Amino acid sequence: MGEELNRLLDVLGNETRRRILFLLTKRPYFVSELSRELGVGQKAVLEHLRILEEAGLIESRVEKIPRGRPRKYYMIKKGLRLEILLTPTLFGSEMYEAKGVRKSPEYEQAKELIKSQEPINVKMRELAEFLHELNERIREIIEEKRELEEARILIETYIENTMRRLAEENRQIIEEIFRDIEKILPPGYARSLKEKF
Amino acid sequence: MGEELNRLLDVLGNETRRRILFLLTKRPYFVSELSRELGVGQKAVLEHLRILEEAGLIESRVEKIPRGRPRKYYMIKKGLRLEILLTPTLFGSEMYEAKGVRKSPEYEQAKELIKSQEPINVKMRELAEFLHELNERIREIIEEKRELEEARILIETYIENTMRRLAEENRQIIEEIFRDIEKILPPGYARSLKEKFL
């Protein structure tokens, strides 16, 4: 299991941390606000908030105003995209920043459906329809990636296994093969294989 | 916060259940195998497995063999697709089943390059190139999905927000909208909404 998946789900497995994350979804909160709404106590909250900042999920900013203390407020890390995935052959997480992602026509169409002067209830319906369609297109892509991945794992397993059965009774031709191949394989996987022998 | 979301994250928050889910990802396991590999104890394991089955993440099947006890084995629910998402305006999860078929051309081509009686060092090179090419195609898909996901994020965010701003000074038109919309939105997302703002 990954490092990251593991820390992540410990962080999210605490109900109070989760609740704090839901609230930050709505708007940034000052600590007293969270304490009251969750009725937990500023002691514990500041500590949960600490844990979440350390797991890279939230950030804090300080807003001062003359004659008054510093007062810092909390919010989900700007641009954060965190995903946790489970399927029959995958249990993983991915963390990335929106900003690294190119802006597509679908993103532009949604922006446009959202900003249109259409009435509150023709918009929502328009928006729902487009949602249903984005979801189908994503279900198609996820499947497509899964198929591609069965093929990749078949390959990587064969190379690993034959790279070993061979590295027994004559590690000379395997060396030659590795040297022939190393510059083609993605760098990470090639290193995985040199330092395994 | 969703009801689904909350349970799932409690289920996943225990390191032993997490560790079991990782293991079922490699292959089905019998309880004794899990016990040893994890060094936990068949009492606790049976109990975690129970918890995971109720949460709909795994299933069990029973394989008998003359003159022997029942012995049941555990696996990740077949067709399972679970995703939990967190961004500055969204926190939720979807669970759904993938239509249960399909072995692709690429799988078939790799099967083929593996089986060919080409010499061990023309094979490897051939395999290596094809791998490079699967990898590039995988980078493009993953990017394509990330872009589609920006748009889904933007939409779910608007909906939830407007669904609230408006559920203040006139919960009547919102109820109509919800009624208009619920049958279109993916089932999970629509329950997430109903039991949040209604």
# chains A, B, ... in the order shown; residues from 1 in each chain; ligands from 1

call {"tool": "residues_around", "arguments": {"residues": "residue 76 (chain A)", "least_positions_apart": "6", "cutoff": "12 Å", "atoms": "only C-alpha atoms", "output": "ChimeraX atom specification"}}
result
/A:20-29,49,52-53,55-61,82,97 /B:86-91

call {"tool": "residues_around", "arguments": {"residues": "region 104-111 of chain B", "least_positions_apart": "6", "cutoff": "12 Å", "atoms": "only C-alpha atoms", "output": "short mmCIF file (atom, residue, chain, number, x, y, z; two decimals) with N, CA, C and O atoms, in the first residue's frame"}}
result
data_model
loop_
_atom_site.label_atom_id
_atom_site.label_comp_id
_atom_site.auth_asym_id
_atom_site.auth_seq_id
_atom_site.Cartn_x
_atom_site.Cartn_y
_atom_site.Cartn_z
N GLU A 143 -12.79 3.06 -18.28
CA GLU A 143 -12.76 1.69 -18.78
C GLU A 143 -11.60 1.52 -19.76
O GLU A 143 -10.88 0.50 -19.74
N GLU A 144 -11.41 2.54 -20.62
CA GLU A 144 -10.41 2.52 -21.66
C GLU A 144 -9.09 2.44 -20.98
O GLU A 144 -8.30 1.63 -21.33
N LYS A 145 -8.84 3.25 -19.98
CA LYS A 145 -7.59 3.17 -19.21
C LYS A 145 -7.44 1.81 -18.53
O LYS A 145 -6.37 1.24 -18.51
N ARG A 146 -8.49 1.24 -18.02
CA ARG A 146 -8.30 -0.06 -17.36
C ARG A 146 -7.77 -1.15 -18.34
O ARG A 146 -6.88 -1.91 -18.01
N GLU A 147 -8.31 -1.16 -19.55
CA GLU A 147 -7.94 -2.12 -20.58
C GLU A 147 -6.46 -1.89 -20.88
O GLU A 147 -5.66 -2.83 -20.93
N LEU A 148 -6.08 -0.63 -21.02
CA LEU A 148 -4.70 -0.35 -21.43
C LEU A 148 -3.71 -0.82 -20.38
O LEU A 148 -2.54 -1.15 -20.65
N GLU A 149 -4.22 -0.85 -19.17
CA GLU A 149 -3.43 -1.14 -18.02
C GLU A 149 -3.30 -2.67 -17.85
O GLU A 149 -2.26 -3.16 -17.39
N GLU A 150 -4.34 -3.44 -18.18
CA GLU A 150 -4.16 -4.87 -18.18
C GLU A 150 -3.01 -5.20 -19.17
O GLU A 150 -2.16 -6.00 -18.87
N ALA A 151 -2.99 -4.57 -20.34
CA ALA A 151 -1.96 -4.83 -21.30
C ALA A 151 -0.57 -4.44 -20.72
O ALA A 151 0.42 -5.13 -20.91
N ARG A 152 -0.51 -3.34 -19.99
CA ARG A 152 0.80 -2.90 -19.53
C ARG A 152 1.31 -3.83 -18.47
O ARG A 152 2.49 -4.15 -18.45
N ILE A 153 0.42 -4.25 -17.56
CA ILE A 153 0.84 -5.13 -16.49
C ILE A 153 1.16 -6.49 -17.03
O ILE A 153 1.88 -7.21 -16.38
N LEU A 154 0.67 -6.87 -18.21
CA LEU A 154 0.93 -8.19 -18.69
C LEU A 154 2.37 -8.10 -19.12
O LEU A 154 3.21 -8.91 -18.75
N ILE A 155 2.66 -7.06 -19.87
CA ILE A 155 3.99 -6.85 -20.38
C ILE A 155 4.99 -6.77 -19.24
O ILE A 155 5.92 -7.58 -19.18
N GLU A 156 4.79 -5.85 -18.31
CA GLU A 156 5.76 -5.69 -17.24
C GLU A 156 5.96 -6.97 -16.48
O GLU A 156 7.07 -7.27 -16.00
N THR A 157 4.91 -7.77 -16.34
CA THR A 157 5.13 -9.02 -15.61
C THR A 157 5.98 -9.97 -16.43
O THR A 157 6.86 -10.59 -15.90
N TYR A 158 5.73 -10.07 -17.72
CA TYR A 158 6.54 -10.98 -18.51
C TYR A 158 8.05 -10.59 -18.45
O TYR A 158 8.92 -11.41 -18.17
N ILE A 159 8.34 -9.31 -18.71
CA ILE A 159 9.70 -8.84 -18.66
C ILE A 159 10.29 -9.15 -17.29
O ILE A 159 11.36 -9.75 -17.22
N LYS B 123 12.10 -10.00 -29.01
CA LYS B 123 10.95 -9.99 -28.18
C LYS B 123 11.01 -8.81 -27.20
O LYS B 123 10.15 -7.94 -27.20
N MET B 124 12.03 -8.80 -26.35
CA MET B 124 12.11 -7.83 -25.30
C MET B 124 12.03 -6.42 -25.87
O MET B 124 11.40 -5.54 -25.31
N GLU B 126 10.79 -5.53 -28.85
CA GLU B 126 9.42 -5.39 -29.28
C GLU B 126 8.49 -5.08 -28.10
O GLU B 126 7.65 -4.18 -28.16
N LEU B 127 8.60 -5.83 -27.02
CA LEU B 127 7.76 -5.57 -25.88
C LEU B 127 8.01 -4.17 -25.33
O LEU B 127 7.08 -3.43 -25.06
N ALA B 128 9.27 -3.80 -25.21
CA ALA B 128 9.63 -2.51 -24.68
C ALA B 128 9.00 -1.39 -25.47
O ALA B 128 8.48 -0.47 -24.88
N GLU B 129 9.05 -1.45 -26.79
CA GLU B 129 8.49 -0.39 -27.61
C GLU B 129 7.00 -0.29 -27.40
O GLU B 129 6.48 0.82 -27.25
N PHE B 130 6.33 -1.44 -27.44
CA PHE B 130 4.88 -1.45 -27.24
C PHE B 130 4.51 -0.87 -25.86
O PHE B 130 3.60 -0.04 -25.74
N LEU B 131 5.25 -1.25 -24.83
CA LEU B 131 5.06 -0.64 -23.52
C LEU B 131 5.19 0.90 -23.57
O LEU B 131 4.35 1.64 -23.05
N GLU B 133 4.47 2.68 -25.87
CA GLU B 133 3.36 3.24 -26.59
C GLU B 133 2.06 3.20 -25.78
O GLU B 133 1.31 4.18 -25.77
N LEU B 134 1.81 2.09 -25.07
CA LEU B 134 0.78 2.07 -24.03
C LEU B 134 0.95 3.18 -23.01
O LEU B 134 -0.04 3.73 -22.50
N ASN B 135 2.19 3.51 -22.68
CA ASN B 135 2.37 4.50 -21.63
C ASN B 135 1.95 5.86 -22.12
O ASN B 135 1.28 6.61 -21.40
N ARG B 137 -0.20 6.45 -24.46
CA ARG B 137 -1.65 6.49 -24.59
C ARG B 137 -2.25 6.62 -23.22
O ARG B 137 -3.27 7.29 -23.03
#

call {"tool": "interface_residues", "arguments": {"of": "chain B", "to": "chain A", "cutoff": "7 Å", "atoms": "only C-alpha atoms", "output": "mmCIF file with N, CA and C atoms, in the first residue's frame"}}
result
data_model
loop_
_atom_site.group_PDB
_atom_site.id
_atom_site.type_symbol
_atom_site.label_atom_id
_atom_site.label_comp_id
_atom_site.auth_asym_id
_atom_site.auth_seq_id
_atom_site.Cartn_x
_atom_site.Cartn_y
_atom_site.Cartn_z
ATOM 1 N N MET B 1 -22.437 16.967 5.024
ATOM 2 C CA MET B 1 -21.535 15.865 4.521
ATOM 3 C C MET B 1 -22.345 14.595 4.210
ATOM 4 N N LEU B 9 -15.469 6.633 4.729
ATOM 5 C CA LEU B 9 -14.222 7.110 5.307
ATOM 6 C C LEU B 9 -13.954 6.535 6.740
ATOM 7 N N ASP B 10 -14.992 6.125 7.432
ATOM 8 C CA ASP B 10 -14.760 5.469 8.672
ATOM 9 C C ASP B 10 -14.295 4.063 8.421
ATOM 10 N N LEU B 12 -12.669 2.960 5.722
ATOM 11 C CA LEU B 12 -11.304 3.041 5.284
ATOM 12 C C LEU B 12 -10.313 3.598 6.299
ATOM 13 N N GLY B 13 -10.780 4.121 7.424
ATOM 14 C CA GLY B 13 -9.840 4.828 8.312
ATOM 15 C C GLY B 13 -9.039 3.914 9.225
ATOM 16 N N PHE B 22 -5.958 -3.739 0.303
ATOM 17 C CA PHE B 22 -4.828 -3.717 -0.590
ATOM 18 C C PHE B 22 -4.576 -5.135 -1.030
ATOM 19 N N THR B 25 -6.677 -6.787 -3.653
ATOM 20 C CA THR B 25 -6.410 -6.197 -4.958
ATOM 21 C C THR B 25 -5.482 -7.073 -5.847
ATOM 22 N N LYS B 26 -4.686 -7.912 -5.190
ATOM 23 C CA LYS B 26 -3.787 -8.846 -5.852
ATOM 24 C C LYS B 26 -4.476 -10.146 -6.210
ATOM 25 N N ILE B 76 -12.737 -8.225 -3.738
ATOM 26 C CA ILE B 76 -13.291 -6.895 -3.974
ATOM 27 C C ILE B 76 -14.541 -7.079 -4.801
ATOM 28 N N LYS B 77 -15.638 -6.398 -4.463
ATOM 29 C CA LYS B 77 -16.875 -6.616 -5.158
ATOM 30 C C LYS B 77 -16.619 -6.519 -6.675
ATOM 31 N N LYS B 78 -17.113 -7.476 -7.418
ATOM 32 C CA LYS B 78 -16.866 -7.522 -8.821
ATOM 33 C C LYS B 78 -17.546 -6.302 -9.505
ATOM 34 N N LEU B 80 -16.586 -3.213 -9.161
ATOM 35 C CA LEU B 80 -16.558 -2.046 -8.279
ATOM 36 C C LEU B 80 -15.722 -0.896 -8.861
ATOM 37 N N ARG B 81 -16.286 0.314 -8.809
ATOM 38 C CA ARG B 81 -15.575 1.524 -9.127
ATOM 39 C C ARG B 81 -15.961 2.500 -8.057
ATOM 40 N N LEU B 82 -14.988 2.884 -7.234
ATOM 41 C CA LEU B 82 -15.236 3.783 -6.114
ATOM 42 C C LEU B 82 -14.263 4.911 -6.288
ATOM 43 N N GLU B 83 -14.752 6.140 -6.160
ATOM 44 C CA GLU B 83 -13.880 7.301 -6.157
ATOM 45 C C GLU B 83 -14.319 8.301 -5.082
ATOM 46 N N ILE B 84 -13.370 8.814 -4.311
ATOM 47 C CA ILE B 84 -13.613 9.820 -3.299
ATOM 48 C C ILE B 84 -12.836 11.058 -3.743
ATOM 49 N N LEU B 85 -13.527 12.190 -3.822
ATOM 50 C CA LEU B 85 -12.961 13.424 -4.369
ATOM 51 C C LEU B 85 -13.024 14.587 -3.344
ATOM 52 N N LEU B 86 -11.930 15.339 -3.336
ATOM 53 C CA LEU B 86 -11.735 16.529 -2.485
ATOM 54 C C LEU B 86 -10.972 17.637 -3.269
ATOM 55 N N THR B 87 -11.637 18.780 -3.366
ATOM 56 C CA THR B 87 -11.162 19.939 -4.085
ATOM 57 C C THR B 87 -11.655 21.121 -3.245
ATOM 58 N N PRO B 88 -11.198 22.334 -3.538
ATOM 59 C CA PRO B 88 -11.715 23.415 -2.675
ATOM 60 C C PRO B 88 -13.218 23.668 -2.587
ATOM 61 N N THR B 89 -14.043 23.054 -3.419
ATOM 62 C CA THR B 89 -15.488 23.316 -3.325
ATOM 63 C C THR B 89 -16.318 22.053 -3.228
ATOM 64 N N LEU B 90 -15.658 20.889 -3.379
ATOM 65 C CA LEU B 90 -16.293 19.566 -3.383
ATOM 66 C C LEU B 90 -15.621 18.564 -2.463
ATOM 67 N N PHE B 91 -16.470 17.801 -1.804
ATOM 68 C CA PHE B 91 -16.038 16.712 -1.015
ATOM 69 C C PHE B 91 -17.098 15.650 -1.118
ATOM 70 N N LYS B 103 -11.827 -7.563 -23.005
ATOM 71 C CA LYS B 103 -10.388 -7.757 -23.091
ATOM 72 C C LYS B 103 -9.990 -7.120 -24.431
ATOM 73 N N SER B 104 -9.096 -6.141 -24.370
ATOM 74 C CA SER B 104 -8.874 -5.254 -25.507
ATOM 75 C C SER B 104 -7.907 -5.827 -26.514
ATOM 76 N N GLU B 106 -5.216 -4.316 -27.465
ATOM 77 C CA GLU B 106 -3.853 -4.137 -26.929
ATOM 78 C C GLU B 106 -3.396 -5.311 -26.052
ATOM 79 N N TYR B 107 -4.300 -5.748 -25.164
ATOM 80 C CA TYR B 107 -4.096 -6.983 -24.394
ATOM 81 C C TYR B 107 -3.816 -8.174 -25.321
ATOM 82 N N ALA B 110 -0.346 -7.818 -26.947
ATOM 83 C CA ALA B 110 0.721 -8.129 -25.997
ATOM 84 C C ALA B 110 0.771 -9.605 -25.731
ATOM 85 N N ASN B 121 15.733 -11.614 -27.361
ATOM 86 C CA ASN B 121 16.185 -10.204 -27.442
ATOM 87 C C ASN B 121 15.570 -9.353 -28.570
ATOM 88 N N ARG B 125 12.661 -6.229 -27.009
ATOM 89 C CA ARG B 125 12.746 -4.916 -27.624
ATOM 90 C C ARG B 125 11.386 -4.571 -28.163
ATOM 91 N N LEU B 127 8.602 -5.834 -27.019
ATOM 92 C CA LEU B 127 7.760 -5.565 -25.877
ATOM 93 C C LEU B 127 8.012 -4.168 -25.332
ATOM 94 N N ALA B 128 9.273 -3.804 -25.207
ATOM 95 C CA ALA B 128 9.631 -2.514 -24.682
ATOM 96 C C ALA B 128 9.002 -1.391 -25.468
ATOM 97 N N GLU B 129 9.049 -1.454 -26.790
ATOM 98 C CA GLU B 129 8.487 -0.388 -27.611
ATOM 99 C C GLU B 129 7.005 -0.293 -27.399
ATOM 100 N N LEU B 131 5.252 -1.253 -24.832
ATOM 101 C CA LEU B 131 5.060 -0.637 -23.523
ATOM 102 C C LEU B 131 5.190 0.903 -23.571
ATOM 103 N N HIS B 132 6.217 1.393 -24.219
ATOM 104 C CA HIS B 132 6.348 2.808 -24.345
ATOM 105 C C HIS B 132 5.076 3.395 -24.933
ATOM 106 N N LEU B 134 1.812 2.090 -25.073
ATOM 107 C CA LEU B 134 0.776 2.068 -24.029
ATOM 108 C C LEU B 134 0.952 3.179 -23.014
ATOM 109 N N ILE B 138 -1.604 6.057 -22.215
ATOM 110 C CA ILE B 138 -2.150 6.213 -20.867
ATOM 111 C C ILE B 138 -1.997 7.632 -20.351
ATOM 112 N N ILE B 141 -4.973 9.714 -22.012
ATOM 113 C CA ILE B 141 -6.244 9.402 -21.327
ATOM 114 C C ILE B 141 -6.263 10.103 -19.961
ATOM 115 N N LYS B 145 -9.055 12.772 -18.916
ATOM 116 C CA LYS B 145 -9.979 12.621 -17.768
ATOM 117 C C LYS B 145 -9.892 13.824 -16.830
ATOM 118 N N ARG B 146 -8.680 14.249 -16.557
ATOM 119 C CA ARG B 146 -8.434 15.384 -15.654
ATOM 120 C C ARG B 146 -9.187 16.629 -16.230
ATOM 121 N N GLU B 147 -9.090 16.854 -17.531
ATOM 122 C CA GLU B 147 -9.842 17.950 -18.145
ATOM 123 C C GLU B 147 -11.355 17.790 -18.023
ATOM 124 N N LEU B 148 -11.874 16.574 -18.184
ATOM 125 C CA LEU B 148 -13.298 16.360 -18.125
ATOM 126 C C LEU B 148 -13.750 16.614 -16.708
ATOM 127 N N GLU B 150 -12.363 18.703 -14.459
ATOM 128 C CA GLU B 150 -12.509 20.128 -14.203
ATOM 129 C C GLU B 150 -13.925 20.615 -14.498
ATOM 130 N N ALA B 151 -14.499 20.121 -15.580
ATOM 131 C CA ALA B 151 -15.800 20.571 -15.937
ATOM 132 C C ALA B 151 -16.816 19.972 -15.019
ATOM 133 N N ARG B 152 -16.668 18.695 -14.628
ATOM 134 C CA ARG B 152 -17.666 18.089 -13.728
ATOM 135 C C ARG B 152 -17.629 18.830 -12.376
ATOM 136 N N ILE B 155 -19.423 22.217 -12.499
ATOM 137 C CA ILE B 155 -20.855 21.996 -12.496
ATOM 138 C C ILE B 155 -21.325 21.585 -11.113
ATOM 139 N N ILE B 159 -24.166 23.855 -8.784
ATOM 140 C CA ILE B 159 -25.343 23.214 -8.352
ATOM 141 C C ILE B 159 -25.458 23.232 -6.841
ATOM 142 N N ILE B 177 -37.140 22.231 -8.635
ATOM 143 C CA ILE B 177 -35.968 22.065 -9.434
ATOM 144 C C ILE B 177 -35.425 20.710 -9.098
ATOM 145 N N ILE B 181 -34.834 17.472 -11.569
ATOM 146 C CA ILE B 181 -33.425 17.197 -11.827
ATOM 147 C C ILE B 181 -32.957 15.850 -11.279
ATOM 148 N N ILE B 184 -32.289 12.907 -13.456
ATOM 149 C CA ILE B 184 -31.244 13.065 -14.448
ATOM 150 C C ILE B 184 -29.847 12.886 -13.858
ATOM 151 N N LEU B 185 -29.594 13.511 -12.713
ATOM 152 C CA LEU B 185 -28.312 13.399 -12.050
ATOM 153 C C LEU B 185 -28.006 11.944 -11.728
ATOM 154 N N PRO B 186 -26.713 11.551 -11.741
ATOM 155 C CA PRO B 186 -26.398 10.194 -11.272
ATOM 156 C C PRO B 186 -26.962 9.991 -9.882
#

call {"tool": "select_by_dssp", "arguments": {"residues": "region 82-134 of chain B", "states": "alpha helix (DSSP H)", "output": "list in words"}}
result
residues 105, 106, 107, 108, 109, 110, 111, 112, 113, 114, 115, 120, 121, 122, 123, 124, 125, 126, 127, 128, 129, 130, 131, 132, 133 and 134 of chain B

call {"tool": "write_last_selection", "arguments": {"atoms": "N, CA, C and O atoms", "output": "short mmCIF file (atom, residue, chain, number, x, y, z; two decimals), in the first residue's frame"}}
result
data_model
loop_
_atom_site.label_atom_id
_atom_site.label_comp_id
_atom_site.auth_asym_id
_atom_site.auth_seq_id
_atom_site.Cartn_x
_atom_site.Cartn_y
_atom_site.Cartn_z
N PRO B 105 -7.91 -5.26 -27.71
CA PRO B 105 -6.92 -5.45 -28.76
C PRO B 105 -5.50 -5.36 -28.23
O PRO B 105 -4.68 -6.25 -28.46
N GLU B 106 -5.22 -4.32 -27.47
CA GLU B 106 -3.85 -4.14 -26.93
C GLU B 106 -3.40 -5.31 -26.05
O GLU B 106 -2.22 -5.81 -26.18
N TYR B 107 -4.30 -5.75 -25.16
CA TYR B 107 -4.10 -6.98 -24.39
C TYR B 107 -3.82 -8.17 -25.32
O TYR B 107 -2.93 -8.98 -25.05
N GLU B 108 -4.55 -8.24 -26.43
CA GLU B 108 -4.42 -9.32 -27.35
C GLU B 108 -3.09 -9.20 -28.11
O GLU B 108 -2.36 -10.20 -28.29
N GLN B 109 -2.72 -7.99 -28.48
CA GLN B 109 -1.44 -7.80 -29.13
C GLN B 109 -0.26 -8.17 -28.23
O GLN B 109 0.72 -8.73 -28.69
N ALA B 110 -0.35 -7.82 -26.95
CA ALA B 110 0.72 -8.13 -26.00
C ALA B 110 0.77 -9.61 -25.73
O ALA B 110 1.85 -10.20 -25.72
N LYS B 111 -0.39 -10.21 -25.55
CA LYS B 111 -0.47 -11.65 -25.46
C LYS B 111 0.33 -12.22 -26.62
O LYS B 111 1.13 -13.16 -26.43
N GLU B 112 0.13 -11.65 -27.80
CA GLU B 112 0.75 -12.11 -29.04
C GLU B 112 2.29 -11.93 -29.10
O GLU B 112 3.02 -12.79 -29.60
N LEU B 113 2.78 -10.82 -28.58
CA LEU B 113 4.20 -10.57 -28.66
C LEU B 113 4.86 -11.42 -27.64
O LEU B 113 6.04 -11.66 -27.74
N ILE B 114 4.10 -11.84 -26.63
CA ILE B 114 4.68 -12.65 -25.57
C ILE B 114 4.83 -14.10 -26.05
O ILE B 114 5.73 -14.83 -25.62
N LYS B 115 3.96 -14.50 -26.97
CA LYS B 115 3.81 -15.88 -27.32
C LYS B 115 4.59 -16.23 -28.55
O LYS B 115 4.71 -17.41 -28.92
N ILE B 120 14.46 -14.17 -27.77
CA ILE B 120 14.45 -13.49 -26.46
C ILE B 120 14.87 -12.03 -26.44
O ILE B 120 14.38 -11.28 -25.60
N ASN B 121 15.73 -11.61 -27.36
CA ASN B 121 16.18 -10.20 -27.44
C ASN B 121 15.57 -9.35 -28.57
O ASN B 121 16.02 -8.22 -28.80
N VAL B 122 14.59 -9.90 -29.29
CA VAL B 122 13.86 -9.16 -30.34
C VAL B 122 12.47 -8.99 -29.78
O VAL B 122 11.76 -8.00 -30.02
N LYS B 123 12.10 -10.00 -29.01
CA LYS B 123 10.95 -9.99 -28.18
C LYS B 123 11.01 -8.81 -27.20
O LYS B 123 10.15 -7.94 -27.20
N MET B 124 12.03 -8.80 -26.35
CA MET B 124 12.11 -7.83 -25.30
C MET B 124 12.03 -6.42 -25.87
O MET B 124 11.40 -5.54 -25.31
N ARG B 125 12.66 -6.23 -27.01
CA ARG B 125 12.75 -4.92 -27.62
C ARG B 125 11.39 -4.57 -28.16
O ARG B 125 10.88 -3.46 -27.97
N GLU B 126 10.79 -5.53 -28.85
CA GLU B 126 9.42 -5.39 -29.28
C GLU B 126 8.49 -5.08 -28.10
O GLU B 126 7.65 -4.18 -28.16
N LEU B 127 8.60 -5.83 -27.02
CA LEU B 127 7.76 -5.57 -25.88
C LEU B 127 8.01 -4.17 -25.33
O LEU B 127 7.08 -3.43 -25.06
N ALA B 128 9.27 -3.80 -25.21
CA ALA B 128 9.63 -2.51 -24.68
C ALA B 128 9.00 -1.39 -25.47
O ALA B 128 8.48 -0.47 -24.88
N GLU B 129 9.05 -1.45 -26.79
CA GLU B 129 8.49 -0.39 -27.61
C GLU B 129 7.00 -0.29 -27.40
O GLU B 129 6.48 0.82 -27.25
N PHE B 130 6.33 -1.44 -27.44
CA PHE B 130 4.88 -1.45 -27.24
C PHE B 130 4.51 -0.87 -25.86
O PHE B 130 3.60 -0.04 -25.74
N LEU B 131 5.25 -1.25 -24.83
CA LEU B 131 5.06 -0.64 -23.52
C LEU B 131 5.19 0.90 -23.57
O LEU B 131 4.35 1.64 -23.05
N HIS B 132 6.22 1.39 -24.22
CA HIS B 132 6.35 2.81 -24.34
C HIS B 132 5.08 3.39 -24.93
O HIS B 132 4.65 4.47 -24.56
N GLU B 133 4.47 2.68 -25.87
CA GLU B 133 3.36 3.24 -26.59
C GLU B 133 2.06 3.20 -25.78
O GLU B 133 1.31 4.18 -25.77
N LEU B 134 1.81 2.09 -25.07
CA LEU B 134 0.78 2.07 -24.03
C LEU B 134 0.95 3.18 -23.01
O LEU B 134 -0.04 3.73 -22.50
#

call {"tool": "atom_distance", "arguments": {"atom1": "CA of residue 176 (chain B)", "atom2": "CA of residue 4 (chain B)"}}
result
24.8 Å

call {"tool": "atom_distance", "arguments": {"atom1": "CA of residue 2 (chain B)", "atom2": "CA of residue 24 (chain B)"}}
result
26.5 Å

call {"tool": "atom_distance", "arguments": {"atom1": "CA of residue 37 (chain B)", "atom2": "CA of residue 6 (chain B)"}}
result
29.0 Å

call {"tool": "select_by_dssp", "arguments": {"residues": "region 90-153 of chain A", "states": "strand (DSSP E)", "output": "count of residues only"}}
result
8

call {"tool": "residues_around", "arguments": {"residues": "region 38-40 of chain B", "least_positions_apart": "5", "cutoff": "12 Å", "atoms": "only C-alpha atoms", "output": "list in words"}}
result
residues 15, 16, 17, 18, 19, 20, 21, 22, 23, 29, 31, 32, 33, 45, 46, 47 and 48 of chain B

call {"tool": "write_last_selection", "arguments": {"atoms": "C-alpha atoms", "output": "mmCIF file, in the first residue's frame"}}
result
data_model
loop_
_atom_site.group_PDB
_atom_site.id
_atom_site.type_symbol
_atom_site.label_atom_id
_atom_site.label_comp_id
_atom_site.auth_asym_id
_atom_site.auth_seq_id
_atom_site.Cartn_x
_atom_site.Cartn_y
_atom_site.Cartn_z
ATOM 1 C CA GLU B 15 -5.428 0.539 9.042
ATOM 2 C CA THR B 16 -6.276 -3.117 9.234
ATOM 3 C CA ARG B 17 -9.232 -2.758 6.834
ATOM 4 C CA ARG B 18 -7.176 -0.661 4.561
ATOM 5 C CA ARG B 19 -4.444 -3.332 4.588
ATOM 6 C CA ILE B 20 -7.008 -5.994 3.732
ATOM 7 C CA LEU B 21 -8.283 -4.007 0.817
ATOM 8 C CA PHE B 22 -4.828 -3.717 -0.590
ATOM 9 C CA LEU B 23 -4.333 -7.474 -0.365
ATOM 10 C CA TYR B 29 -7.821 -14.452 0.077
ATOM 11 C CA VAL B 31 -9.124 -15.690 6.228
ATOM 12 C CA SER B 32 -6.183 -17.763 7.413
ATOM 13 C CA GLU B 33 -3.960 -16.328 4.680
ATOM 14 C CA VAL B 45 -9.953 -10.281 10.539
ATOM 15 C CA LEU B 46 -13.421 -11.970 10.247
ATOM 16 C CA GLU B 47 -14.792 -8.828 11.913
ATOM 17 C CA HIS B 48 -13.045 -6.393 9.579
#
